[PDB]
There are 2 protein chains.
Amino acid sequence: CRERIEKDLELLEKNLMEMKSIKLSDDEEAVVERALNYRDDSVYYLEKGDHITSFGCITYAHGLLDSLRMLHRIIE
Amino acid sequence: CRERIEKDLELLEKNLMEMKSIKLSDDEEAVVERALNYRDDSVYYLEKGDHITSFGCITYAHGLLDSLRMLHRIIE
């Protein structure tokens, strides 16, 4: 599970960088901030050895960000 | 983990019902459809006993939906 978590942590960062030129509303920025908070929580739980909670946190963060990627037609 | 998954499955359904009066764009509908697909995958993995993958699927679905809830100011 550690490898799955780490790959998802890296992917979130990459996807965030891909988006830095997109102008976001305050509410969209709040969605991004929430994703970053859950990414941080994922790292906290990973390091403590709680892989289930850690994985849930990072996949939740991906859901938040992927919605924005879809709405901005970065992905389909 | 089964209980955590099941509670999240139920919560997704409740949150979906809360949203049924909101008029969504095609792209927002695609986000909802994606969430429903990952919810279905969560059930598939749960029943097969792959709790880690199942949990990741349902929390990802929650991320997708929560972004929409935030953008529509249903949550803050």
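As a basis for the values below, the full set of heavy atoms in this structure was taken, side chains included, without hydrogen atoms, waters or symmetry mates. Lettering of chains follows the sequences in order, A, B, ..., and the numbering in each one begins at 1.
- Side-chain N or O atoms of A:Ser42 include one that pairs as donor or acceptor with a backbone N or O of A:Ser54 at under 3.5 Å.
- Counting heavy atoms from C-beta outward, A:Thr59 and A:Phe55 have side chains that approach closer than 4.5 Å.
- Taken to the nearest 0.5 Å, the CG atom of B:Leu12 stands 12.5 Å off from the NZ atom of B:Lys14.
- B:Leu24 and B:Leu64 fall within the same hydrophobic cluster, defined by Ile, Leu, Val, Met, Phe, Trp and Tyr side-chain heavy atoms under 4.5 Å apart, directly or through other members.
- At a threshold of 4.0 Å, the pair B:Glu3-B:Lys7 does not count as salt-bridged, since none of the basic side-chain nitrogens sits closer than that to a carboxylate oxygen.
- Taking CG of B:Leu9 as the reference point, atom NE2 of B:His62 lies at 7.0 Å (rounded to 0.5 Å).
- A distance of 10.0 Å separates SG of B:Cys57 from CG of B:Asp40, quoted to the nearest 0.5 Å.
- Between the CG atom of A:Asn15 and the NZ atom of A:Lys20 there is a distance of 13.5 Å, given to the nearest 0.5 Å.
- Using a distance-only test at 3.5 Å, with no hydrogens or angles considered, no donor-acceptor pair links the side chain of B:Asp66 to the main chain of B:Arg69.
- The shortest side-chain heavy-atom distance between B:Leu36 and B:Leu16 falls under the 4.5 Å cut-off.
- Hydrophobic clustering of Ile, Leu, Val, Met, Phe, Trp and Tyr side chains at less than 4.5 Å, counting indirect connections, keeps A:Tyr45 apart from A:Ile5.
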**Request:** Show your working on side chain to side chain contact (heavy atoms under 4.5 Å, CB included) between A:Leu65 and A:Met19 and close with a plain yes or no.
**Result:** CA-CA 10 Å; A:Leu65 193 61; A:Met19 278 195 283; 2.4 Å; yes
**Worked check of salt bridge (charged side-chain N to carboxylate O under 4.0 Å, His left out) between A:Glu6 and A:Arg2** = CA-CA 6 Å; A:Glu6 287 174 346; A:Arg2 171 174 274 278; 2.7 Å; yes
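- Of all heavy-atom pairs spanning B:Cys1 and A:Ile52, the tightest one is SG-CG2, 3.7 Å.
- Taking every heavy atom of both residues into account, A:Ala61 and A:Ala35 meet most closely at CB-O, 3.4 Å.
- One finds the CE atom of B:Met17 at 8.0 Å from the CD atom of B:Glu13 (value rounded to the nearest 0.5 Å).
- When all heavy atoms are compared, the tightest approach of A:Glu28 to A:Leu68 is O-CD1, 3.8 Å.
- How far CG of A:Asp27 is from NE2 of B:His72: 10.5 Å, rounded to the nearest 0.5 Å.
- The number of heavy-atom neighbours closer than 6.0 Å to CD of B:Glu18, taken from other residues, nucleotides and ligands shown, is above 12.
- The hydrophobic cluster containing B:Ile75 also contains B:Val31, counting ILVMFWY residues as joined when their side-chain heavy atoms lie under 4.5 angstrom apart, directly or transitively.
- The side-chain heavy atoms of A:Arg34 and A:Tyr60, taken from C-beta on, include a pair separated by under 4.5 Å.
- Side-chain contact between B:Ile74 and B:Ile22 is present, with at least one heavy-atom pair separated by less than 4.5 Å.
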